[PDB]
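A.B. asks: Take a look at this one; I'll ask things after.
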Amino acid sequence: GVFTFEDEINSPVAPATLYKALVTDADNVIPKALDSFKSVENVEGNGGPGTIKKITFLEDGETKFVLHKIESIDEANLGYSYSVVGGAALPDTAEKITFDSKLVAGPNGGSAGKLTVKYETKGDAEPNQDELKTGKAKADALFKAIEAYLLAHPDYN
């Protein structure tokens, strides 16, 4: 029915700069991180907590889009909550996926925080452990894109 996985996050980029560019520059990073960024628009919400944003990207010459929702923003603790409700990032065997990532300064000299992935299933149907791994690899694919941008663009604060 519902599965919850916890993962760790590590990045050589400052946690305060990555968090701001992650939620604050999220709409600005998505287009810069996605070389083929087509366009982005908000279907509902003004960008605050619970807002719904729609992003469009070009893949395999096919126009695709993704929908993301926010449950709450916590800049003070550098942490926020978001989940996908539409787009190719929405599996049919899973009702919806929630993502809870936090950001805290660490002694490593970079950014650190805990990541929590929530996988919901229609009901009896449930993805095997391997299938769940591919689901997480999809999200990590986006983080690396944003993280690679910060490392490739040191002028970004």
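Chain labels A, B, ... are given in the sequence in which chains occur in the structure tokens; within each chain residues are numbered consecutively from 1, and ligands are likewise numbered from 1 in the order shown.
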Enumerate, as a list in words, the complete set of residues in range 85-115 of chain A that a backbone-based DSSP assignment places in strand (DSSP E or B).

C.D. replies: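 Restricting range 85-115 of chain A to strand (DSSP E or B) produces residues 85, 86, 87, 97, 98, 99, 100, 101, 102, 104, 105, 111, 112, 113, 114 and 115 of chain A.
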
A.B. asks: Near range 30-36 of chain A, counting only C-alpha atoms, which residues have an atom at most 8 Å away, once you skip same-chain residues fewer than 4 positions from it, shown as a list in words?

C.D. replies: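 After dropping sequence-adjacent residues, the list is residues 26, 40, 57, 58, 59, 145, 146 and 149 of chain A.
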
A.B. asks: Once you have the residues from the selection above, write them out as an mmCIF file, in the first residue's frame, restricted to C-alpha atoms.

C.D. replies:
data_model
loop_
_atom_site.group_PDB
_atom_site.id
_atom_site.type_symbol
_atom_site.label_atom_id
_atom_site.label_comp_id
_atom_site.auth_asym_id
_atom_site.auth_seq_id
_atom_site.Cartn_x
_atom_site.Cartn_y
_atom_site.Cartn_z
ATOM 1 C CA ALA A 26 14.023 25.726 -8.199
ATOM 2 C CA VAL A 40 7.561 26.082 -16.914
ATOM 3 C CA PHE A 57 11.051 19.252 -20.886
ATOM 4 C CA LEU A 58 12.049 17.793 -24.275
ATOM 5 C CA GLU A 59 13.049 14.105 -24.176
ATOM 6 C CA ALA A 145 21.555 18.095 -12.442
ATOM 7 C CA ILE A 146 21.055 20.948 -9.950
ATOM 8 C CA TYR A 149 25.039 23.294 -12.065
#

A.B. asks: Give me, please, the distance in Å between CA of residue 82 in chain A and CA of residue 45 in chain A, quoted to one decimal.

C.D. replies: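 These two atoms are separated by 13.4 Å.
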
A.B. asks: Running DSSP on the backbone, which parts of range 18-80 of chain A land in helix (DSSP H, G or I), as a PyMOL selection string?

C.D. replies: chain A and resi 18-24+26-33

A.B. asks: Write a file of the selected residues as a short mmCIF file (atom, residue, chain, number, x, y, z; two decimals), in the first residue's frame, keeping N, CA and C atoms.

C.D. replies:
data_model
loop_
_atom_site.label_atom_id
_atom_site.label_comp_id
_atom_site.auth_asym_id
_atom_site.auth_seq_id
_atom_site.Cartn_x
_atom_site.Cartn_y
_atom_site.Cartn_z
N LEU A 18 22.71 25.77 -1.87
CA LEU A 18 21.97 24.70 -2.59
C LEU A 18 20.50 24.72 -2.17
N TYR A 19 20.23 24.94 -0.92
CA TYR A 19 18.82 24.97 -0.45
C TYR A 19 18.09 26.14 -1.10
N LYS A 20 18.68 27.30 -1.09
CA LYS A 20 18.01 28.49 -1.70
C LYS A 20 17.83 28.25 -3.20
N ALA A 21 18.85 27.78 -3.87
CA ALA A 21 18.73 27.54 -5.33
C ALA A 21 17.84 26.31 -5.57
N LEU A 22 17.65 25.50 -4.57
CA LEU A 22 16.80 24.29 -4.74
C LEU A 22 15.32 24.67 -4.65
N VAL A 23 14.94 25.40 -3.64
CA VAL A 23 13.51 25.80 -3.50
C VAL A 23 13.30 27.21 -4.06
N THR A 24 14.17 28.13 -3.73
CA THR A 24 14.00 29.52 -4.23
C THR A 24 14.31 29.57 -5.73
N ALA A 26 14.48 27.01 -7.60
CA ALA A 26 14.02 25.73 -8.20
C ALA A 26 13.48 25.98 -9.61
N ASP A 27 12.57 26.91 -9.74
CA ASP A 27 11.99 27.20 -11.09
C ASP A 27 13.07 27.80 -11.99
N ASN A 28 14.06 28.43 -11.42
CA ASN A 28 15.14 29.03 -12.25
C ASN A 28 16.23 27.99 -12.50
N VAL A 29 16.37 27.04 -11.62
CA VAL A 29 17.41 25.99 -11.81
C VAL A 29 16.88 24.91 -12.76
N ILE A 30 15.63 24.55 -12.62
CA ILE A 30 15.06 23.51 -13.51
C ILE A 30 15.37 23.83 -14.98
N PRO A 31 15.13 25.08 -15.40
CA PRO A 31 15.38 25.51 -16.78
C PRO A 31 16.88 25.56 -17.09
N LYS A 32 17.69 25.91 -16.13
CA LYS A 32 19.16 25.96 -16.38
C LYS A 32 19.73 24.54 -16.30
N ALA A 33 19.27 23.76 -15.36
CA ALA A 33 19.77 22.37 -15.23
C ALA A 33 19.32 21.57 -16.46
#

A.B. asks: Given only C-alpha atoms, how would the per-residue table for range 36-70 of chain A near range 90-103 of chain A read, listing every residue at most 10 Å away with its closest atom pair and distance in Å to one decimal, sorted by chain and number, as CSV?

C.D. replies:
residue,atom,partner,partner_atom,distance
A:66,CA,A:90,CA,8.3
A:67,CA,A:90,CA,8.7
A:68,CA,A:98,CA,9.6
A:69,CA,A:98,CA,9.0
A:70,CA,A:98,CA,9.4

A.B. asks: Name the residues in contact with residue 11 in chain A at a cut-off of 10 Å, using only C-alpha atoms, excluding same-chain residues fewer than 5 positions from it; report them as a VMD selection string.

C.D. replies: chain A and resid 18 108 to 113 143 to 144 147 to 148 151

A.B. asks: Counting only C-alpha atoms, what is within 10 Å of residue 136 in chain A, bar same-chain residues fewer than 5 positions away, as a list in words?

C.D. replies: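 After dropping sequence-adjacent residues, the list is residues 5, 7, 99, 117, 118, 119, 131 and 141 of chain A.
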
A.B. asks: Closest to residue 1 in chain A among A:133, A:38, A:54, A:122, using only C-alpha atoms?

C.D. replies: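 Distance minimum relative to residue 1 in chain A lands on A:122.
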
A.B. asks: Need the shell around residue 48 in chain A: protein/DNA/RNA residues with any atom at most 10 Å away, counting only C-alpha atoms. Skip same-chain ones fewer than 2 positions apart. Format as a VMD selection string?

C.D. replies: chain A and resid 45 to 46 50 to 52 69 to 73

A.B. asks: To one decimal place in Å, what is the distance between CA of residue 88 in chain A and CA of residue 153 in chain A?

C.D. replies: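 We find that CA of residue 88 in chain A and CA of residue 153 in chain A lie 28.5 Å from each other.
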
A.B. asks: Pick the closest to residue 86 in chain A from A:17, A:10, A:39, A:56: which is it, counting only C-alpha atoms?

C.D. replies: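 Of the candidates, the smallest distance to residue 86 in chain A is held by A:56.
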
A.B. asks: Can you work out which one of A:124, A:155, A:104, A:87 has the shortest atom-to-atom distance to residue 74 in chain A, counting only C-alpha atoms?

C.D. replies: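 Looking only at the distances to residue 74 in chain A, the closest residue turns out to be A:104.
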
A.B. asks: In Å, with one decimal, what is the gap from CA of residue 138 in chain A to CA of residue 12 in chain A?

C.D. replies: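 Pair CA of residue 138 in chain A / CA of residue 12 in chain A returns 21.0 Å.
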
A.B. asks: Using only C-alpha atoms, pick whichever of A:47, A:42, A:123, A:89 has the shortest atom-to-atom distance to residue 25 in chain A.

C.D. replies: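 Ranking A:47, A:42, A:123, A:89 by distance to residue 25 in chain A, first place goes to A:47.
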